[PDB]
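To start, the structure itself, in structure tokens.
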Amino acid sequence: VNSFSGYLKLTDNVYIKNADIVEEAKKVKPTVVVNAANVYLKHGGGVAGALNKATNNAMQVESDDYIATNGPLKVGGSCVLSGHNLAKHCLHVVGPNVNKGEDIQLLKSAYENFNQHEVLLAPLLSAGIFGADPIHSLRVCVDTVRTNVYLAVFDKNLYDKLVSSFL
Ligand SMILES: O=C(OCCN1CCOC1=O)c1ncnc2[nH]ccc12
């Protein structure tokens, strides 16, 4: 038993709620919050900008040191950094951004990173400003992640659409 509240169960291991991941993180303080990162860990907008803002830019400062030491991530890849005031850890995961022209097949590889963590609070990868179909992102999540994932979907109308179309 964990501390997540009001999630709709979708599968054995996937749960979903209409909420801002930032607000869910501040309330729950999960072991792992997933960031919808880019390969440069430049946290400007959407999930990344919102989480980073909630850390008072400490996420960005830590990220810049990570990139200076290690270079960029791969599309489909991830790294574990601090969760700052929001979580114990932040798993920065790079889903493909089709608005930038990347391969959607890499979305499954991106979700595979979640399997290295027993429980995660996460957003819908490659959706929103990343340009991919959200119904598809949810399907890939359910068909790829085997650990316990609590999905926060910020957009009320998107949430309604995802629940009503879920197979
Ligand atoms: O951007 C997010 O996810 C992608 C799908 N979208 C687009 C806008 O609304 C959505 O749900 C998202 N999710 C959960 N918490 C969030 N806090 C800020 C952004 C955000």
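The analysis underlying the following values was restricted to heavy atoms, covering all of them including side chains, and did not include hydrogens, waters or symmetry mates. For this chain, numbers begin at 1 and follow the sequence in order. Atoms within each ligand, like the ligands themselves, are counted from 1 in listed order.
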Donor-acceptor contacts, no H, no angles, side chain residues 157-167, under 3.5 Å, sequence neighbours left out:
unit_1 : atom_1 : unit_2 : atom_2 : d
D160   : OD2    : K156   : NZ     : 2.9
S164   : OG     : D160   : O      : 3.1
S165   : OG     : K161   : O      : 2.7

Output side-chain donor-acceptor pairs under 3.5 Å for residues 35-50, partner residues at least two apart or in another chain, one line each.
unit_1 : atom_1 : unit_2 : atom_2 : d
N35    : OD1    : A48    : N      : 3.3
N35    : ND2    : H43    : ND1    : 3.3
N35    : ND2    : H92    : ND1    : 3.0
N38    : OD1    : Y40    : N      : 3.2
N38    : OD1    : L41    : N      : 3.1
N38    : OD1    : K42    : N      : 3.0
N38    : ND2    : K42    : O      : 2.9
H43    : NE2    : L41    : O      : 3.3
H43    : NE2    : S63    : OG     : 2.9

Pairs under 3.5 Å, nitrogen or oxygen of ligand 1 with protein nitrogen or oxygen:
unit_1   : atom_1 : unit_2 : atom_2 : d
ligand 1 : 9 (O)  : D155   : N      : 3.3
ligand 1 : 11 (O) : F154   : N      : 2.9
ligand 1 : 11 (O) : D155   : N      : 3.0
ligand 1 : 15 (N) : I21    : N      : 3.0
ligand 1 : 17 (N) : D20    : OD1    : 2.8

Using the ring-ring contact (aromatic ring centres under 6.0 Å, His included) criterion, which residues pair with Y66? Sequence neighbours excluded.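 Counting only residues at least two positions away or on another chain, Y66 forms no ring-ring contact (aromatic ring centres under 6.0 Å, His included).
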Quick one: NE2 on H89 to SG on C79, what's the gap to the nearest 0.5 Å?
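Those atoms lie 12.0 Å apart.
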Exercise for the section: Mind listing the closest non-hydrogen atom pair of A54 and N85 along with its distance? Expected result: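 That closest heavy-atom pairing would be O-ND2, 2.9 Å.
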If the plane angle is over 60° it's perpendicular, under 30° parallel, otherwise tilted; pick one for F4 and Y150.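 Rings of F4 and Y150: parallel, under 30°.
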